[PDB]
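>>> next input, structure requested:
(chains A, B, C, D and E)
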Amino acid sequence: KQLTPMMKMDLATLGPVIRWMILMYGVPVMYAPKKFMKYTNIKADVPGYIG
Amino acid sequence: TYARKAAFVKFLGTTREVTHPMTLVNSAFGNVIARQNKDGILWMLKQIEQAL
Amino acid sequence: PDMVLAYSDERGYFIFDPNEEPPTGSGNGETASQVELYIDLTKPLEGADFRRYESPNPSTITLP
Amino acid sequence: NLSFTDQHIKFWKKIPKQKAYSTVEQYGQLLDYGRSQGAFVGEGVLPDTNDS
Amino acid sequence: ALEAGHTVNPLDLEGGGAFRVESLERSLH
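Numbering: from 1, shown residues only, chains lettered A, B, ... in the order given. Right below this line is the structure:
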């Protein structure tokens, strides 16, 4: 849910420096928490052992 | 049985700065403000991806 | 009625609509967008490869 | 011909070619887009600065 | 004779190396 997309808003000049910032507002919402799942403690060693 | 839930909006941001003499000297790689903006956008994208 | 709820900005323009949103963000002198546009105008052809135009090398074609 | 011909030369044909203009050539690299320092600030709060 | 050399530091350029401009690629990798 996006309140606003990613955008830049320029800051005030308080010296010989140019400043600006980039902002984004939002939140992810999952309506059904029981229609997802996770695997934990998986072992994977692609650069394996030779010898 | 029925329920009513609520979600709260959160905020993300970063700041980029360029000094005045950096804007005056002859710099390769093109414009500097655009480069800094692209770097900030990519950093924000990575942060959003990991926060998800 | 009479123009009681009327105001003007720093540049002399008047707004007679109490429900119209006035423009803002004019207090940041030397805005970053202005600096970027200034750089684009006053320094064109920046980051271009002109080394080929001062080369005394007779061979200008690259071959294996 | 009891020796090799030009058909046995492979890596020389495949590598891309560029033109040099001096005995020393320089190039620039981009390593990172900024340090990892968190991206959440709050309502009406100035975010921290970053650099590449 | 006049040689170009392989010196990077500008303050140490001598002989024919003082005639060399820098060759910088305009693309950021």
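>>> interface residues of chain A facing chain C?
Residues of chain A found near chain C (Cβ under 8 Å from any Cβ of the partner chain) are A:10, A:11, A:12, A:13, A:18, A:19, A:20. All C-beta spots, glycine's among them, are computed from the backbone N, C-alpha and C.
>>> which among those residues end up buried?
If you count burial by 16 or more other Cβ atoms under 10 Å in any protein chain shown, the buried members of these come out as A:10, A:11, A:13, A:18, A:19, A:20.
>>> tabulate those (a markdown table), appending distance to residue D:9 and secondary structure.
Converted to a markdown table, those look like this (distance: Cβ to Cβ, whole Å; DSSP: H, G, I helix; E, B strand; the rest coil):
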| residue | distance to residue D:9 | secondary structure |
| --- | --- | --- |
| A:10 | 57 | strand |
| A:11 | 59 | coil |
| A:13 | 60 | coil |
| A:18 | 53 | strand |
| A:19 | 56 | strand |
| A:20 | 53 | strand |
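>>> quick one: which two of the residues you listed are the most distant?
A:13 and A:20 (10.4 Å; Cβ to Cβ).
>>> please tell me how far the residue positioned nearest the centre of chain E sits from chain A.
Chain E has residue E:20 as the residue nearest its centroid, 4.6 Å off, counting by Cα atoms, centre = their mean. From residue E:20 across to chain A, the span is 35 Å (Cβ to the nearest Cβ, to the nearest Å).
>>> ditto for residue C:9
Counting by Cβ to the nearest Cβ - residue C:9 and chain A are separated by 18 Å.
>>> residue C:22 is in contact with that residue, correct?
Yes. Between residue C:9 and residue C:22 there is a contact under Cβ atoms under 8 Å: 7.1 Å.
>>> identify the contacts common to the two.
The contact sets of residue C:9 and residue C:22 overlap at residue C:15 (Cβ atoms under 8 Å, 6 or more residues apart in numbering or on different chains).
>>> so for those two, which sits in the more crowded spot?
Between residue C:9 and residue C:22, counted using other Cβ atoms under 10 Å in any protein chain shown, residue C:9 has the larger neighbour count: 12 against 9.
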